[PDB]
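Working notes, structure below.
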Amino acid sequence: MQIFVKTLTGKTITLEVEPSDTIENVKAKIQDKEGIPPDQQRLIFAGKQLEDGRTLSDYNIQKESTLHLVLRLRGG
Amino acid sequence: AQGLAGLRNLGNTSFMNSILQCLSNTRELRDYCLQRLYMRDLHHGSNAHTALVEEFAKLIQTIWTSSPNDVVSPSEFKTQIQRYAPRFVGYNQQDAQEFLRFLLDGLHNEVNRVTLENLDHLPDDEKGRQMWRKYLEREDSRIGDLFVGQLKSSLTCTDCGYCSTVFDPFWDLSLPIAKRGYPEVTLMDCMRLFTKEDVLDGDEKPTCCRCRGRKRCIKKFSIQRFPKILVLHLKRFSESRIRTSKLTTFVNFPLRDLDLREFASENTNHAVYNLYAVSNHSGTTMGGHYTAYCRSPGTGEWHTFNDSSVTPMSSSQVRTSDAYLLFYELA
Ligand SMILES: [Zn+2]
């Protein structure tokens with residue numbers, strides 16, 4: 001199936017995934033297209049940040065859902 | 001009962017303090033804590049995270065019973081949030097929006113009122129309403145009452161003309177920043193970047209299942225349901241394939257009368273908002289410091305909350321390029 005990612009500057013990209021794809025798999029697919037390493041990416045869907053070790057199916061993410069890609073401003 | 005207590009930095013915890021103060025000044029969330037209304041929503045049984053809601057609420061209670069110049073420790077709260085979200089264990093610098101999302105999800109899960117189909121025949125709005133009902137059958141809490149809205153994503157095949165719609169819940173919106181404005185980038189410009197027509201072609205062609213092949217499609221967001229509290233997160237990070245840098249662009253956001261008519265779904269009633277809190281970041285992507293500017297729900301006066309220091313400020317000092325999260329409430 002296809003899902004979408006709203007990236008950093010205005011664009012959307014299209015990923016080919018299965019419900020069983022891990023969040024790591026999804027981040028790798030984003031890196032394949034965007035050159036942003038998985039360890040910098042955060043993906044938000046339905047108010048939840050998607051976590052490594054879980055799958056798209058764990059979040060009930062269906063076809064044509066959009067993940068929101070956001071980086072970090074670390075502060076202390 | 002003025003709510004002007006500072007929060008001790010426990011070791012790189014300004015990100016947490018900034019968020020906590022924004023939440024402290026979220027009127028209805030504060031009131032839920034002060035009126036102890038969470039007690040009846042807590043789940044029965046030995047649960048690992050009931051103490052998260054209890055310690056959050058106790059912190060808010062403490063802030064709103066404090067005297068001038070008081071500084072209180074959120075250490076017991078930190079112990080609980082890091083048990084829910086172990087990425088917050090220890091004393092490293094963190095992103096405030098990441099923290100916000102995990103904290104609100106943890107709170108929501110603990111007071112969730114829930115304890116345990118092809119719709120092509122329906123008009124769009126009715127499909128939206130049914131998908132909303134389905135969402136609320138899983139996620140129904142006081143926390144969601146405040147923060148949750150619904151996006152419509154409309155995906156139109158440029159060949160066959162079929163528009164496939166999906167409805168995604170949201171608890172905040174993360175907005176791309178426009179590259180410049182005339183003479184300045186506005187919050188509305190960023191909202192437009194979020195909600196514009198996105199052309200999906202070349203490498204990004206979706207598969208149209210009507211055409212049974214990859215086709216150029218147009219994707220567009222609109223807001224199907226507006227939240228009571230609208231949290232806007234500015235994407236202050238470059239897309240460099242080598243090294244991200246912080247985008248420090250001034251984004252002009254309004255104090256009052258943020259009118260989102262143009263982003264509402266077609267023939268859907270729209271919302272107008274007023275600002276009540278800002279989380280500010282100063283630094284780089286790798287490190288820095290957070291503060292909050294918050295409007296007191298009772299007095300309407302703005303204060304800067306910077307760890308242990310709480311100081312009055314003019315509304316003219318609220319809009320700055322340091323703004324990272326904007327907290328809006330219905331007008
Ligand atoms: Zn088609």
Side-chain angles (χ1 to χ4, degrees), chain A residues 1-17 26-27 29-36 41-46 50 56 61-71, chain B residues 124 127-128 131 149-170 172-181 185-211 213-224 232-239 241 247 251 260-266 268:
Chain A
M1 67 182 187
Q2 67 207 358
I3 63 172
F4 302 112
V5 184
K6 188 71 165 173
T7 59
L8 305 179
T9 66
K11 303 192 189 67
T12 293
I13 63 171
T14 303
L15 307 179
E16 186 69 24
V17 299
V26 172
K27 291 175 174 167
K29 287 173 177 179
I30 293 167
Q31 183 179 218
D32 291 340
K33 298 163 82 85
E34 303 311 297
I36 298 173
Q41 298 177 32
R42 303 186 300 109
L43 299 170
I44 314 299
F45 179 72
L50 309 187
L56 294 174
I61 287 162
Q62 302 305 152
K63 64 188 174 178
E64 302 175 2
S65 300
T66 303
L67 314 184
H68 300 275
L69 175 66
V70 292
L71 295 209
Chain B
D124 287 9
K127 179 179 173 180
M131 296 313 292
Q150 191 191 47
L151 289 162
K152 181 183 192 181
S153 182
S154 296
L155 182 71
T156 305
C157 179
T158 63
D159 194 331
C160 72
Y162 184 60
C163 182
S164 181
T165 59
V166 301
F167 294 89
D168 291 345
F170 69 93
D172 64 1
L173 298 175
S174 297
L175 309 180
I177 301 175
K179 312 230 149 69
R180 43 148 87 114
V185 176
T186 69
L187 180 61
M188 293 293 281
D189 293 330
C190 300
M191 291 288 302
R192 279 186 282 274
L193 276 181
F194 183 73
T195 57
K196 67 183 175 64
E197 302 81 6
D198 292 341
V199 177
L200 302 178
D201 207 346
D203 297 342
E204 317 311 333
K205 277 183 194 173
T207 298
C208 176
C209 70
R210 307 293 153 113
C211 296
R214 71 209 213 89
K215 296 294 183 178
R216 172 191 182 94
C217 292
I218 310 301
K219 189 190 180 301
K220 181 175 162 63
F221 279 133
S222 55
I223 300 171
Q224 192 72 24
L232 303 176
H233 172 219
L234 300 175
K235 292 197 193 191
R236 292 192 174 284
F237 356 83
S238 77
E239 70 193 356
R241 301 177 63 108
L247 302 176
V251 174
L260 303 181
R261 191 186 291 97
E262 73 199 78
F263 310 115
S265 295
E266 302 91 305
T268 215

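In what follows, every chain begins at residue 1, and chains take the letters A, B, ... in the order their sequences are listed. Values below: all heavy atoms of this structure, side chains included; hydrogens, waters and symmetry mates excluded.
Here the CE atom belonging to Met1(A) is positioned 7.0 Å from the OG atom belonging to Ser65(A), to the nearest 0.5 angstrom. Atoms CD1 and CG, from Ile218(B) and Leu200(B) in turn, are 7.0 Å apart once rounded to the nearest 0.5 Å. With rounding to the nearest 0.5 angstrom, the CZ atom of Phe167(B) is 7.0 Å from the OG atom of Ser154(B). Rounded to the nearest 0.5 Å, atoms CG (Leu71(A)) and CZ (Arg236(B)) are 13.5 Å apart. Separation of atoms SG (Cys157(B)) and NZ (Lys205(B)) is listed at 10.5 Å; rounding is to 0.5 Å.
Heavy-atom minimum distance, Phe263(B) versus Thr195(B): CD2-OG1, 3.2 Å. Nearest heavy-atom pair, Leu151(B) versus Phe170(B), reported as atom, atom and distance to 0.1 Å: CG-CD2, 3.6 Å. Smallest separation of non-hydrogen atoms from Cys211(B) and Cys160(B): SG-CB, 3.6 Å. Nearest heavy-atom pair, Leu173(B) versus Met191(B), reported as atom, atom and distance to 0.1 Å: CD1-CE, 4.4 Å. Shown here for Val251(B) and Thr186(B), the closest heavy-atom pair between the two residues is CG1-C, 3.8 Å. Considering every non-hydrogen atom in both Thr156(B) and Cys163(B), the closest pair reads OG1-SG, 3.5 Å.
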Next on the checklist: Working note: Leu260(B) + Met188(B), criterion side-chain contact (heavy atoms from CB on, under 4.5 Å); need CA distance, chi angles, decisive distance, verdict.
Outcome noted: CA-CA 9 Å; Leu260(B) 303 181; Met188(B) 293 293 281; 4.2 Å; yes
Checklist entry - Given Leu43(A) and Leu69(A), is the side-chain contact (heavy atoms from CB on, under 4.5 Å) satisfied, shown in steps? => result CA-CA 5 Å; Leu43(A) 299 170; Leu69(A) 175 66; 3.8 Å; yes
Next on the checklist: Does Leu8(A) form a side-chain contact (heavy atoms from CB on, under 4.5 Å) with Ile36(A)? I'd like the steps, not just the answer.
Outcome noted: CA-CA 11 Å; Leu8(A) 305 179; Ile36(A) 298 173; 4.0 Å; yes
Checklist entry - Yes or no on side-chain hydrogen bond (donor to acceptor under 3.5 Å, both in side chains) for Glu34(A) and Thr7(A), after CA distance, side-chain angles and deciding distance? => result CA-CA 9 Å; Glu34(A) 303 311 297; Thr7(A) 59; 4.7 Å; no
Next on the checklist: Between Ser164(B) and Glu64(A), does the side-chain contact (heavy atoms from CB on, under 4.5 Å) criterion hold? Intermediate values first, please.
Outcome noted: CA-CA 9 Å; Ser164(B) 181; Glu64(A) 302 175 2; 2.6 Å; yes
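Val17(A) has its side chain out of reach of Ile61(A): every pair of non-hydrogen atoms, C-beta onward, lies at least 4.5 Å apart. When side chains are defined from C-beta on, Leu175(B) counts as touching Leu187(B), because their heavy atoms get closer than 4.5 Å. Within the 4.5 Å cutoff, the side chain of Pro206(B) has heavy atoms near those of the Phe4(A) side chain. Counting only heavy atoms from C-beta outward, the side chains of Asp159(B) and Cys208(B) never approach each other to under 4.5 Å.
Judged as a salt bridge (charged side-chain N to carboxylate O under 4.0 Å, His left out), and not counting sequence neighbours, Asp168(B) has no contacts. Under the side chain to side chain contact (heavy atoms under 4.5 Å, CB included) criterion, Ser222(B) pairs with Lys152(B), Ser265(B), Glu266(B), sequence neighbours left out. With sequence neighbours excluded, the residues satisfying side chain to side chain contact (heavy atoms under 4.5 Å, CB included) with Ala178(B) are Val185(B), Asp189(B), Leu193(B). For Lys235(B), the salt bridge (charged side-chain N to carboxylate O under 4.0 Å, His left out) criterion is met by no residue, not counting sequence neighbours. For the side-chain hydrogen bond (donor to acceptor under 3.5 Å, both in side chains) test, no residue two or more places apart in sequence or in another chain qualifies with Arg214(B). For the side-chain hydrogen bond (donor to acceptor under 3.5 Å, both in side chains) test, residues two or more places apart in sequence or in another chain that qualify with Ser174(B) are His233(B). Contacts of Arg180(B) classified as side chain to side chain contact (heavy atoms under 4.5 Å, CB included), with partners at least two apart in sequence or in another chain: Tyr182(B). Remark: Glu239(B) engages no residue in a salt bridge (charged side-chain N to carboxylate O under 4.0 Å, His left out) (not counting sequence neighbours). With sequence neighbours excluded, the residues satisfying ring-ring contact (aromatic ring centres under 6.0 Å, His included) with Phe194(B) are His68(A), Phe221(B). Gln150(B) meets the side-chain hydrogen bond (donor to acceptor under 3.5 Å, both in side chains) test with no other residue; sequence neighbours excluded. Contacts of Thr158(B) classified as side-chain hydrogen bond (donor to acceptor under 3.5 Å, both in side chains), with partners at least two apart in sequence or in another chain: none. When the salt bridge (charged side-chain N to carboxylate O under 4.0 Å, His left out) test is applied to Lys127(B), no partner is found at least two apart in sequence or on another chain.
Of the possible polar contacts, one joining the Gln41(A) side chain to the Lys27(A) backbone as a donor-acceptor pair under 3.5 Å is found. Using modelled atom types, one side-chain atom of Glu204(B) and one backbone atom of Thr14(A) make a donor-acceptor pair closer than 3.5 Å. Counting only distance, with no hydrogens or angles, the side chain of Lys63(A) and the backbone of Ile3(A) share no donor-acceptor pair below 3.5 Å.
Of the N and O atoms on the side chains of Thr66(A) and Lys219(B), at least one donor lies less than 3.5 Å from an acceptor on the other residue.
For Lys220(B), the NZ atom sits in a packed shell: over 12 heavy atoms of surrounding residues, nucleotides or ligands are nearer than 6.0 Å.
A salt bridge links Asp198(B) to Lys6(A): at least one charged side-chain nitrogen sits closer than 4.0 Å to a carboxylate oxygen.
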